[PDB]
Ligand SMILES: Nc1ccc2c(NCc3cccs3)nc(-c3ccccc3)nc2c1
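In structure tokens, the next block holds one chain alone, the form solved without the named molecule.
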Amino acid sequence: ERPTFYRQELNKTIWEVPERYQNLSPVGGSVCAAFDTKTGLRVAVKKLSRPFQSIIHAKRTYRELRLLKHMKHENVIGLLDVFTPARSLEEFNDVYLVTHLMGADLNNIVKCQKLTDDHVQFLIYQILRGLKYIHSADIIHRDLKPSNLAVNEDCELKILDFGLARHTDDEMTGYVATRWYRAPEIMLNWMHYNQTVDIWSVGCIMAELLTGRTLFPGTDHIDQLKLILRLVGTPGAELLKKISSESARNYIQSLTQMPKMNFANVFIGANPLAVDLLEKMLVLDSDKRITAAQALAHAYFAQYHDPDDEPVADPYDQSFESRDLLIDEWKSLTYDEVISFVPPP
């Protein structure tokens, strides 16, 4: 049956939710913390803002719901519930997404406690386990950074935030964490990117866990490229060919050639195995970076690697991405997905 819903205003916005969700408290679409009386879980309830305002917004709402509906993995955000107060398609205008409530993110950790090498092993292991799963479905996160890695008191980690609105040019400008973890090829639009961009971000994140400092805190895209090439060396002829942008290729060739630095001297005191893994992640040529599946088998993770407990994902059909639909068609597809949702056990 349809649950009974109740309404409340929570600063400037109307929330209409099933009775099971109690004690809604704004924390961040808008997000409310709540108590799920049915499961006994503390939950986050996100009310999507203006979900079908334009074609681009209706498609993004569909995308985020598709992605969240698919993720069933211990180290990736999962959907506990999705609902609408609407009783039919004709009256459908609001989408609410429910997930486990997350206390802290990796920023809260890296910043407010010292991480042993064993903590770095555990945290990075879990990121790579979630990424093996995400990548096996041909999903690219594209925006891995400490603020979208939730971490509980047992150091257990989930990857959050996919299907999100693409960052504006302004949001990627200047001295900003929104860009510090991005692979160079996507930061500078060197070429068609793929899932290897996520591995670059893990390397940036792992080095920050080890040193307590951002690896590439560029003050703008160019300063950041310079920080990156200082560590990993300027590109060779082979990588230059793969840079399809004539302009970017030409700029990068204006730079004084530099060799790759010795990472043992950059990451002083680090476990030599961590150093080795960082060298295999932070390779400029994305073709040559270690994959998530490969990294799980790296000796740095000996204590955690269990090849029988590193699952892959069911197939994920994203043919919708290439489809051109009207707002109401994207909105009808989303409604189908709300209506057919089945909670996890």
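Between two forms, the rigid core is the largest collection of C-alphas that superpose within 1.5 Å. We number the residues from 1 along the sequence you see.
- For residue 140, the fraction of other compared entries lacking coordinates, among those that model flanking residues, is zero, nowhere near a third.
- Among other compared entries that model residues flanking residue 169, a third or more give it no coordinates.
- Unmodelled residues of the deposited sequence between residue 40 and residue 41: none, the chain being continuous.
- Set 109 to 117 against 229 to 237 and average the Cα temperature factors; 109 to 117 ends up higher.
- Relative to its counterpart among 165 to 173 and 146 to 154, 165 to 173 has the higher mean temperature factor, C-alpha atoms as listed in the PDB entry.
- Note on the listed residues 194, 219, 211, 75: the highest Cα temperature factor in the record is that of 194.
- Placement of the Cα temperature factor of residue 9 within the chain: highest third of the modelled residues, per the deposited record.
- When the modelled residues of the chain are ordered by C-alpha B-factor, residue 318 sits in the highest third.
- When the modelled residues of the chain are ordered by C-alpha B-factor, residue 30 sits in the highest third.
- Residue 250: CA B factor in the highest third of modelled residues in this chain (values from the PDB entry).
- Among all modelled residues in this chain, the alpha-carbon of residue 87 has a temperature factor (C-alpha) in the highest third.
From this point on, the text means the form solved in complex with the named molecule, which you will not see here.
- Remark: blocked binding site. Placing the named molecule in the deposited complex onto this structure by local C-alpha superposition gives 3 or more atoms within 2.4 Å of a backbone or C-beta atom.
- Taking the partner from the other structure, the named molecule in the deposited complex has no heavy atom within 4.5 Å of any heavy atom of residue 85.
- For the chain shown alone, residue 244 is a contact residue for the named molecule in the deposited complex, at least one non-hydrogen atom being within 4.5 angstroms.
- In the deposited complex, the named molecule stays beyond 4.5 Å of every heavy atom belonging to residue 209.
- Among residues of the shown chain, residue 94 is not one whose heavy atoms approach the named molecule to within 4.5 Å in the deposited complex.
- In terms of contact with the named molecule in the deposited complex, the residue from 313, 278, 284, 292 that brings a heavy atom within 4.5 Å is 284.
- This chain lacks the partner; the member of 270, 115, 204, 188 within 4.5 angstroms of the named molecule in the deposited complex by a non-hydrogen atom is 188.
- For the marked spot (239, 248 and 252), a heavy atom within 4.5 Å of the named molecule in the deposited complex is present in each of the three residues.
- Stretch-level contact analysis of 209 to 217, 258 to 266, 116 to 124, 231 to 239 against the named molecule in the deposited complex, using heavy atoms and a 4.5 Å limit, identifies 231 to 239.
- Just one of the listed positions, 256, 244, 265, 88, moves its Cα by at least 2 Å between the shown form and the other one when the rigid core is held fixed, and it is 244.
- Superposition on the rigid core between the shown form and the other one places the CA atom of residue 192 2 Å or more away from its counterpart.
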